[PDB]
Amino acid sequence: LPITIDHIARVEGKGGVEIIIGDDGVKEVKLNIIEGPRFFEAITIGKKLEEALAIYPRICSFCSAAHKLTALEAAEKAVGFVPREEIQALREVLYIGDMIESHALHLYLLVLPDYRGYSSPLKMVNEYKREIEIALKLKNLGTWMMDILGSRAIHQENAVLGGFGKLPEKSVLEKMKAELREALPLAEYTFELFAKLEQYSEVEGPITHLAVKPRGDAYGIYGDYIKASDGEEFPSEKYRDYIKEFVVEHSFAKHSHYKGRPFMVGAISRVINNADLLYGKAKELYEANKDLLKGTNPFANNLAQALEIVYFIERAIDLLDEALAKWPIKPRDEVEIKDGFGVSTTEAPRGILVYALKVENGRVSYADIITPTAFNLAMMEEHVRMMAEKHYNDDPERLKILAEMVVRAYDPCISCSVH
């Protein structure tokens, strides 16, 4: 008598949970990832670099801009291009735009119904007017950012090799800084709402947390070193040395070990490895809540996203100030498709994103992608195990609710996991 959840609701992509139970209790938790493969890594082999660069964001809609912007860095490292200071700033800000919209989507429309009794965020519209009003303002800030700078909130054709196809008038960026700092109190509200939600003790235990170390001096999205919470730190191009993938019979996505063990990536993993690097109200909200942002609990992920919303809202007011001070900005530069190899690791909202691109004859000869949910799938399976062990004899529909609550704390985008 296995206990199956055929289609997990309120996640991105198609997935199931199946618990195998026996005499000794719960023996196995299988996350059946049925989202068909689309073979991105293979079919862009032997297509022209820009043609494939335009297609890597269809891997995922929630993290669309993370894909396009990370693949750009890798190609721009292969051909040896290097961006300019302000083009990289506005890049980080289009990315931040995707941080805010994704986080808000996930905290408010995907997670919060569980703690409120609702199967659906659509349903709680009339019982939680203030909360949803705030959801839609934060989401819609991030969606506006990606329209202005990326051309679209899903699949950002304005981010191209060498910079952007077209940059907005200066007045628009200044309005963005207005709309940003107006959102800050809404970001704080959200932190507080989520600070008061239960981190279920059944999943409390040790976790290994890997995050990209930011270059420069702040909490960020770009960098060349991957820290692990054990105290290690290894270069991003060697990601294949310290992180081993493998197929499993019940998933189209590939699991990953670090030193042969499951680990987790995402907002909490970044807060564990990198919290000293915060500033602004995020710093204090961290320093006043260190006991809520421990490495020993996946539900701490939800509150960290809220903490990140606060930070990036400030971090982006400062990044625009940098770009705004190289004004005017020629929107993009010539890029010579001289051959090369390029590896890039960024923090997508869900954790580390690794694009490895090799160019022969201005064509793509080699491509390697690993998405943060693909990293996380193994840890997720273990945390569901700990939940399902303290409740396999409870009411099934109750076991079901808490297993899925665990799954939703990772903010799984399964489509990212099977590229």
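For every residue, the number given is its place in the sequence shown, counted from 1.
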Subject >> 16-24 versus 399-407 - greater average Cα B-factor per the deposited record >> reply: 16-24
**OP:** Using the B-factors recorded in the PDB entry, average over the C-alpha atoms of 222-230 and of 196-204, then report which stretch comes out higher.
**Re:** 222-230
Subject >> Given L293, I148, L112, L141, the residue at which the Cα B factor reaches its maximum >> reply: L293
Original post:
Among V247, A323, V93, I309, which residue carries the highest C-alpha B-factor recorded in the PDB entry?
Top reply: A323
Original post:
What third of the chain, by the recorded C-alpha B-factor, contains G362?
Top reply: highest
**OP:** Select lowest, middle or highest to describe the third in which the CA B-factor of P37 falls within its chain in this entry.
**Re:** middle
Original post:
By its CA B factor, does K48 count among the lowest, middle or highest third of the modelled residues in the chain?
Top reply: middle
Subject >> Position of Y56 among the chain's modelled residues by C-alpha B-factor, lowest, middle or highest third >> reply: lowest
Original post:
Among the modelled residues of its chain, does the C-alpha B-factor of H106 lie in the lowest, middle or highest third?
Top reply: lowest
